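Everything below concerns the one structure shown next.
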Amino acid sequence: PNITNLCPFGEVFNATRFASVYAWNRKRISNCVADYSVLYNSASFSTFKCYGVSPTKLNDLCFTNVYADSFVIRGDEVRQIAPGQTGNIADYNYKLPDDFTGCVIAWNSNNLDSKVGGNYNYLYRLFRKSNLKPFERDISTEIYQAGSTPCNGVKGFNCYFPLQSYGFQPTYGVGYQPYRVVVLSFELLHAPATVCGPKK
Amino acid sequence: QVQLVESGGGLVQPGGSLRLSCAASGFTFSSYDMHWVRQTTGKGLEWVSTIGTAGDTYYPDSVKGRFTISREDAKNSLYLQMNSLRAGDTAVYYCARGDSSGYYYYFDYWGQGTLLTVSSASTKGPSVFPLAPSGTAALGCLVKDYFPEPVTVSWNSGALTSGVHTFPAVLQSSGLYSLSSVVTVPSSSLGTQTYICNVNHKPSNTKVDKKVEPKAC
Amino acid sequence: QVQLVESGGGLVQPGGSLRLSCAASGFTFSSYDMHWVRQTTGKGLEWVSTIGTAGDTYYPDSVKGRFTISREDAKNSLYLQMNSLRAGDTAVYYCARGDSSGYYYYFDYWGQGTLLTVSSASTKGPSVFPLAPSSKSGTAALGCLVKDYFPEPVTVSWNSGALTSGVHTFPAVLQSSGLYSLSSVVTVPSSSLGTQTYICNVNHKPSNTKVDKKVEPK
Amino acid sequence: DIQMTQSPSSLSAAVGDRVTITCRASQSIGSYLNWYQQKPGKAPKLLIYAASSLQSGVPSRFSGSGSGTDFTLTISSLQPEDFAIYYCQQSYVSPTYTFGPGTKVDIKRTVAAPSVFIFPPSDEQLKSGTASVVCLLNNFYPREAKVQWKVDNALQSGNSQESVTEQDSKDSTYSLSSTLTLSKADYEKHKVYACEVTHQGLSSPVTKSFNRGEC
Amino acid sequence: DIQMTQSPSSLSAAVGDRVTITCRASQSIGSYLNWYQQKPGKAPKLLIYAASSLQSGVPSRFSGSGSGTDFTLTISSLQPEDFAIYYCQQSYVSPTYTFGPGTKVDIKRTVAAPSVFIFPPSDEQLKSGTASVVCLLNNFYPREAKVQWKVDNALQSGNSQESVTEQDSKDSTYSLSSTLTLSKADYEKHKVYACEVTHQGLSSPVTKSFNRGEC
Amino acid sequence: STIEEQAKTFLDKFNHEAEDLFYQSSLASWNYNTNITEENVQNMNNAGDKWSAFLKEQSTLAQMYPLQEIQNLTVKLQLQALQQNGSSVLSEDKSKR
Ligand SMILES: *[C@@H]1O[C@H](CO)[C@@H](O[C@@H]2O[C@H](CO)[C@@H](O)[C@H](O)[C@H]2NC(C)=O)[C@H](O)[C@H]1NC(C)=O
Ligand SMILES: *[C@@H]1O[C@H](CO)[C@@H](O)[C@H](O)[C@H]1NC(C)=O
Ligand SMILES: *[C@@H]1O[C@H](CO)[C@@H](O)[C@H](O)[C@H]1NC(C)=O
Ligand SMILES: *[C@@H]1O[C@H](CO)[C@@H](O)[C@H](O)[C@H]1NC(C)=O
Ligand SMILES: *[C@@H]1O[C@H](CO)[C@@H](O)[C@H](O)[C@H]1NC(C)=O
Ligand SMILES: [Cl-]
Ligand SMILES: [Cl-]
Ligand SMILES: [Cl-]
Ligand SMILES: [Cl-]
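Given below as structure tokens:
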């Protein structure tokens, strides 16, 4: 496995701009050495949970691909970024599979994503006809039809525009503050491994 | 043979701090993750902290900011620094080795536990009294009025194990603990074997050797 | 509703004899096998006897020669004659319907049981005393004490069975005298002590004792 | 014949818990196995026949599995009314059907302190020449409880008998009676009659007492 | 995190019996489940990992099955040394590994009457001003036992404390100590000190006593 | 799609819109009460007017879900808090007076 380039974890974690959770961002990481040590002992991360593998063993592991999904939600919703969860985020925005293999990291981004008066650029989907399949993404803006009456593309009675804005303000309480979230998915196929820890 | 041995538990005032140690032997210490897991009667087994082999440390939210795990591989040693201790931190603290088979992680080796008692009360060492034997005969030692737990009791420096019952301690109305260790023996052996109980109460640095002899009326 | 009701259990001296009956309702009695199964605390459930629909009878060896099963289809009735009774026959006797699905046989319906006591001691009927509700008190407690009776069992109801909620009829206790004693209690609203009449109905069939005792605040 | 063995002898579980009981036959019996339930004072009730067929009217939480020599009865979600002894029975050899020894299923529930009551002897009984004093501990859990009698603040021994109910099928509690027996003469020698009750649900022992001639 | 639940809470079984305890995860965790055994005063011991792999050195009578949300630990033939509490633990979410509440496995054995001994207070203790009298009930089964103190045949109350051992890993019995606490003055004011023991293995209560200044 | 389900969805949208508008109004009010100035009074009054208009239109919408078809008591309570008519039952002239 001839690999000498380091995986671009800093490009993901240290980006200036994060996507709204309904249009969540995905970067494919392959063909590189993954130095997870820059993630260890962070004074920033309020959530570091892994699934299927132990964090302590990440430098000894090889994967066919790694996927870096990133987005912003509110603090109270970080718990939904996990297998088996339910809620507006898990049902309508970002869904992890029951057999998820990977890690979920999150940190408070009040200093970057709040604005006195309200930062209305971060949206989430509130209504949807059915729940998302794992790793599905829905960016439609079709008016949600809540009654027997067709909506004909216009908001109204029983006819709601499906996205809603977080409107983050720095004075919000912690549960309503913006959190930046990175989901690393460790994909293993019947193919040679392209992402490996420094110890492999 | 893998061995893990905890040290450093005892009495500590609320708001105080304390360091726990774990000495490892019988394996390449640097090659394994190490963990602290606590146990209480009310909440069972609870993960307290983890340190990997890359300097990575992990804590539950209840513990982050207050406890710090670390390791000294040159001395095959693990440490848990504890600050801002609250009554609810009273527990038995185990160190534990972590390992994996494939992706499956487990705790394959545990220490013996060290009891942490968080209380503003003061330490008191036990008084040790003989329970004199007066066929099968019974004799023992009474370990009375001590705080905090625990006391450990052996017989004839651990040479006597068969038939020994060291009872779980009882909390007296005074807030002090009391306990009794007994042993049943052949009656005939009361004049052919000397019986000594060895009592230890580390929180007060009390070590007592008490000889139990048949009483003169 | 299939129902089976045993009758005839009671006190009988060693070496004596006694017949048990079972009355059936709610099915075509003649079309089913019938069974006697006994229960003791020491040996659990034990098959005692079987009668098929062709007059065929079956017994364990411990019982052959001593007990005889029979049936009267015209009266939807089952019988067990028992001769040469021994202390070890003391037990609760159930009648039970046997049925099958394919080759798999089972006992789908059971009676309530009847207690057979094999003893040379004599029958004594109980004395029934009120356990009066405290003048001080909300929830109040009251009851009946059924003392000095033999053999088991006594049955206790309240207000002729109209009162069941909150009732505890305790298991009988064997006193040093060889007699049994029992007490049935009930908890009620304190306020009801002046708006509801409470009567315990005690029955001891072996002595033909029926007592209705009214329990009153003093 | 065919000997039947059950495991465990007894088990305590909470409402909603999955309960699992096993049955073993001394030789292979294919699927010729039935399960019965028996509640205190009542006759056996057929739950399962042919190792896995649920008898009509039985709740669906009961299920039977197994074949050959080992069989399992499972209660998917224990309900309070399921407190009972469960028996298996082989239907392979007739007429000599044999039953297992039974498995007791007790309900674990929250601590409930007893309600304590005391009953003086009736006057009719005193006319008969004997006095019975009754102490009632009502609807408590767990079953461990201690009652002590005091006559004029003198502790009694050897003159009392206790009885405990089987677990209640609705609230899973226990009730207990203690009966103190005195001669009418001894009863008339003293004034204060009390029972002191210790139970884990009480912060301190509870005493109920009465004076001989007061109401 | 992921919540783990165990059933039953407790279980009494005989030696040679098949024991079956179950574990449930609050969500699907595949085979990321381990089982541990813990005996009194000892640390947990790993028995099973990956739901079904037997840890090296663990006897083959222990086995694990299951996947997804429900898992089972089985002891094919309960041995006396198996008395312990068994815990399950999900290894799917790290670092936040979580444990089940535990299942206690008690051993059912034949009735064994206690051996009763009584110990007067030492002279060394009496110099300090307090007297402890100890009554020892040794190696009995079942656990239910009653101890009553008599000082000159005055029944004692409120001045004694009891302690009971965990089940013995060899012979499956229990032992109990009762400690009567008296002032030195009270101890020297009276002469006869007795403890009366009631246990199902005894045909009648057993008293062990001593006189204060006598052989 | 029952009436109770439609009402649940309506209340969802209402909550999310209302929390934001109520926060903006409460913050304007706080900015005034801690810093009395004409700019802050105008901001407070404008935000409060926006909140009142929102509640007016949301109550109009809420009235289109008949309570007698709502079985869930929580949904009923919320809809009721919204569906209060009050002085609006009076004619324009009577309410003006
Ligand atoms: C994001 O950027 C920060 C710097 O802004 C990186 O932090 C440094 O990381 C190295 C490697 O662990 C440390 O030795 C430095 O001390 C860090 N500097 C500061 C100022 O914190 C961080 O590593 C970047 N994130 C990732 C995932 O690479
Ligand atoms: C591996 O890749 C490097 C370039 O990154 C190249 O210089 C080197 O020759 C390659 N070695 C092998 C064994 O392919
Ligand atoms: C008070 O309000 C005025 C006008 O809006 C503004 O200029 C000033 O900065 C405010 N003061 C504070 C302390 O925010
Ligand atoms: C009423 O509806 C709410 C959701 O709007 C739900 O949380 C609650 O459980 C419901 N109550 C009942 C009794 O179904
Ligand atoms: C508000 O008015 C409508 C009719 O205009 C009425 O049906 C509704 O019940 C009123 N609101 C309440 C709470 O009664
Ligand atoms: Cl939300
Ligand atoms: Cl503890
Ligand atoms: Cl799931
Ligand atoms: Cl006393």
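Chains as they are written, first to last, in my numbering: chain Z, 588 to 787; chain R, 347 to 563; chain P, 7 to 224; chain V, 65 to 279; chain C, 65 to 279; chain W, 324 to 420.
We treat Cβ as the ideally placed atom computed from N, Cα and C, and that holds for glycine.
Determine, for residue i, whether the minimum Cβ-Cβ distance to residues of chain R falls below 8 Å.
i, result
"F183 of chain C", "yes"
"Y766 of chain Z", "no"
"residue 817 of chain Z", "There is no way to answer for residue 817 of chain Z, as the model of chain Z reaches only from 588 to 787."
Is residue i near residue j, with beta carbons less than 8 Å apart?
i, j, result
"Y100 of chain P", "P159 of chain V", "no"
"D62 of chain P", "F35 of chain P", "no"
"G16 of chain P", "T170 of chain P", "no"
"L246 of chain V", "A176 of chain V", "no"
Counting contacts by CB-CB distance shorter than 8 Å, is residue i in contact with chain Z?
i, result
"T174 of chain C", "no"
"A442 of chain R", "no"
"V157 of chain C", "yes"
"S446 of chain R", "yes"
"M367 of chain W", "no"
Looking only at DSSP bridge pairs, what is residue i linked to?
i, result
"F73 of chain P", "P:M88"
"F126 of chain C", "C:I139"
"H254 of chain V", "Partner(s): none; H254 of chain V has no beta bridge."
"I85 of chain V", "V:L137"
"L121 of chain P", "P:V98"
"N207 of chain P", "P:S163, P:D218"
"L200 of chain C", "C:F181, C:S241"
"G743 of chain Z", "Z:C746"
"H777 of chain Z", "Its beta-bridge partners do not exist; DSSP assigns none."
Please decide whether residue i counts as near chain C, where near means a Cβ-Cβ distance under 8 Å.
i, result
"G639 of chain Z", "yes"
"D454 of chain R", "yes"
"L424 of chain R", "no"
"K636 of chain Z", "yes"
Taking only heavy atoms of ligand 4 into account, decide whether any of them is closer than 7 Å to the Cβ of residue i.
i, result
"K331 of chain W", "yes"
"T397 of chain W", "yes"
Kindly examine ligand 8 and report whether one of its heavy atoms sits closer than 7 Å to the Cβ of residue i.
i, result
"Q91 of chain C", "yes"
"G671 of chain Z", "yes"
Measuring only between beta-carbons, confirm whether residue i sits less than 8 Å from chain P.
i, result
"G80 of chain V", "no"
"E260 of chain V", "no"
"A107 of chain V", "yes"
If you measure from the beta carbon of residue i to each beta carbon in chain V, is any gap under 8 Å?
i, result
"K224 of chain P", "yes"
"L75 of chain C", "yes"
I'd like to confirm something about residue i: is its beta-carbon nearer than 7 Å to some heavy atom of ligand 6, or not?
i, result
"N366 of chain W", "no"
"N718 of chain Z", "no"
Given the structure, does residue i come close to ligand 9, in the sense that its CB is under 7 Å from one of the ligand's heavy atoms?
i, result
"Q220 of chain C", "yes"
"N223 of chain C", "yes"
Say yes only if the C-beta of residue i is nearer than 7 Å to one or more non-hydrogen atoms of ligand 3, and no if none qualify.
i, result
"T758 of chain Z", "no"
"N363 of chain W", "yes"
Taking 7 Å as the cut-off, does the CB of residue i come closer than this to any heavy atom belonging to ligand 5?
i, result
"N408 of chain W", "yes"
"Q391 of chain W", "no"
"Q386 of chain W", "yes"
"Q403 of chain W", "yes"
Within 8 Å (strictly less), CB to CB, does residue i reach chain W?
i, result
"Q751 of chain Z", "yes"
Quick one, what's near ligand 1 if you take every residue whose CB is closer than 5 Å to any heavy atom, in chain order?
Having a Cβ closer than 5 Å to some heavy atom of ligand 1 are Z:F596, Z:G597, Z:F600, Z:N601, Z:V625.
Taking 6 Å as the limit, name every residue whose beta carbon sits nearer than that to some heavy atom of ligand 7, in sequence order.
Residues flagged by the Cβ proximity filter: R:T386, R:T387, R:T436, R:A437.
Could you please go through the chain and list the residues whose beta-carbon is closer than 6 Å to any non-hydrogen atom of ligand 2?
Any residue whose Cβ sits closer than 6 Å to a heavy atom of ligand 2 makes the list: Z:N589, Z:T591.
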